[PDB]
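Take a look at this single chain, the form deposited in one PDB entry, given in structure tokens.
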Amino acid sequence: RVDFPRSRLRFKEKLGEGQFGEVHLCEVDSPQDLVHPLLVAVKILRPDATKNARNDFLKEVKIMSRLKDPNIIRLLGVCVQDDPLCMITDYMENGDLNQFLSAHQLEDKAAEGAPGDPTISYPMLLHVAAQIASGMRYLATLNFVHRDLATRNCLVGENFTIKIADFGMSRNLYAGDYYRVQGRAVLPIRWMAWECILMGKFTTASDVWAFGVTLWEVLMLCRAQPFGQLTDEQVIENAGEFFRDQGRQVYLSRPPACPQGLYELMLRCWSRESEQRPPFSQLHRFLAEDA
């Protein structure tokens, strides 16, 4: 099945960089002809990319080809017949959600405002969170497990639209969010269900746990790291307390912006029993309909 026409991509700005690739903002004139212009993001494999990096790139494209939802990153096209390998996706103009919320302050306003405005309202936070829940609801229907849900992996577009993505665990900006040990998978422990930390297997139910923490982030306006006053080792030992179930495990505290009713739903996402955690359809309905 034919590549996207590589010649159509007019490169404008370099958005980001990794040791293997770089991401660019491109515009596409006359998107009408493709069966004023469209902005897209493209990830391109750098010419010095190892054999292993190329393989990972091709697998990433295949994985991404599964996912077709308004609130998940979308694979618009590819250029892989020739080099450099190219992956084309939605451009989300307001960047990653963690940096976005970090730059905002909470205000009680009836004005929807703009993503550029210095403040954001509580109803809008609920709307951000609902969109993530809706994305995750879709992934759950495919039994697709994300494994790294967090605000650093979400993107914000015009009019506060949200898309879930996955940028890997290697960005220096978020190094503090990962627990690294020689010979082991890198783990986002502060977002991980206890059974994930102890046994290393991920499920939709552990994605629900991570969503609870992602919700906590959003309601904190990303002002502080989950369990930020505790060390990595204490976070890992906390998973042990969940397993022993002697009532000594600890939870994230209620954000100021978070009403008690919503907090109680958040706490359910952190149920010891995976089966007692809310399904994403119920999480989505609560945020979309129940404030």
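Position 1 is the first residue in the sequence shown; the rest follow in order. Think of the rigid core as the biggest set of C-alphas that the two forms share within 1.5 Å after superposition.
What comes next is about the form deposited in another entry, which does not appear here.
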Taking the rigid core as the frame, does residue 19 move its C-alpha by 2 Å or more between this form and the one not shown? yes
Comparing between this form and the one not shown on the rigid core: C-alpha of residue 142 shifted by 2 Å or more? no
At a 2 Å cut-off on C-alpha positions, does residue 199 qualify as shifted between this form and the one not shown after fitting the rigid core? no
